[PDB]
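Coordinate analysis (summary)
So the chains spell out like this:
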Amino acid sequence: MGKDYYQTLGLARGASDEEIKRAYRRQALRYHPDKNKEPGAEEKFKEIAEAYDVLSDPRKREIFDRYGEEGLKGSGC
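Glancing now at the UniProt feature "domain: J" in the protein chain. Feature annotation in UniProt assigns "domain: J" to the following positions: residues 2–70. Between the C-alpha atoms that bound residues 2–70 there is a distance of 10 Å. The span itself is 52% helix and 0% strand.

Structure representation (structure tokens):
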């Protein structure tokens, strides 16, 4: 509830692509089911992956910058 994307990957709207992708590359490697198949890293990676879409696609971020969560029909509930 109050589902963060930017902050779940550790950013705010105002982070540039070169901040965003900086974090995203690290954040994938933190839990990747291809690096750290750690028990419960995968669900972390899966929740990151919802944020990861925003935190890479500038057209997804265009809606998240203009609005935020209230703009973005990721997951609903």
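Turning next to the pattern of salt bridges. On inspection of all chains with the given rule, the structure shows two salt bridges. As a salt-bridge pair, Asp17 and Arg61 come within 2.7 Å of each other at their nearest N and O atoms. A residue pair is termed long-range when its members are at least 10 positions apart, and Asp17 in helix α1 (residues 17–29) and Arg61 in helix α3 (residues 58–66) qualify at 44 residues. Among the residues examined, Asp17 registers a relative accessible area of 31% and is labelled partly exposed. Across the salt bridge formed by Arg59 and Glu62, the nearest N and O atoms sit 2.8 Å from each other. A residue pair is termed a helical-turn pair when its members lie 3 or 4 positions apart in one helix, as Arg59 and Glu62 do in helix α3 at three residues. Residue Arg59 is classed as exposed on the basis of its relative accessible area, which comes to 62%. Using a relative accessible area of 41% as the deciding quantity, one classes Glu62 as partly exposed.

All right, on to helix α2 (residues 41–54) then. Look at α2: 20 Å from first C-alpha to last across 14 residues, which is about the 20 Å you get at 1.5 Å a residue. Of all the bends in α2, the greatest, near 30 degrees, is centred on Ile48. Those residues of α2 not exposed but buried are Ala41, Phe45, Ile48, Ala51 and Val54. Considering only its buried residues, α2 is in contact with α1 and α3.

This brings us to α1. Structurally, the α-helix is built with 3.6 residues per turn, so residues lying three or four positions apart point the same way. The terminal C-alpha atoms of α1, which comprises 13 residues, lie 18 Å apart, in line with the 18 Å expected from a rise of 1.5 Å per residue. For α1, every residue scored as buried is listed here: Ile20, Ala23, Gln27 and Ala28. On an axial view of α1, the arc spanned by its buried residues comes to 125 degrees, and they lie on one face. Opposite the packed face of α1, turned more than 90 degrees from it, sit the exposed residues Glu18, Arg22, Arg25 and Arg26. Considering only its buried residues, α1 is in contact with α2 and α3.

Conventions we followed
- Residues numbered from 1 in each chain as written, not as in the entry; some residues may be left out.
- Heavy atoms only, no water.
- UniProt positions renumbered as here; feature names shortened; annotations may be inferred.
- Helix = DSSP H or I, 4+ residues; strand = E, 2+ residues; numbered from the N terminus.
- Salt bridge = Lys/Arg side-chain N within 4 Å of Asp/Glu carboxyl O.
- Buried < 20%, exposed > 50% of the residue type's maximum accessible area, 1.4 Å probe, protein only.
- Expected span 1.5 Å × (residues − 1).
- Bend = angle between axes of the 7 residues up to and from the residue.
- Contact = heavy atoms within 4.5 Å.
- Arc of directions from axis to C-beta.

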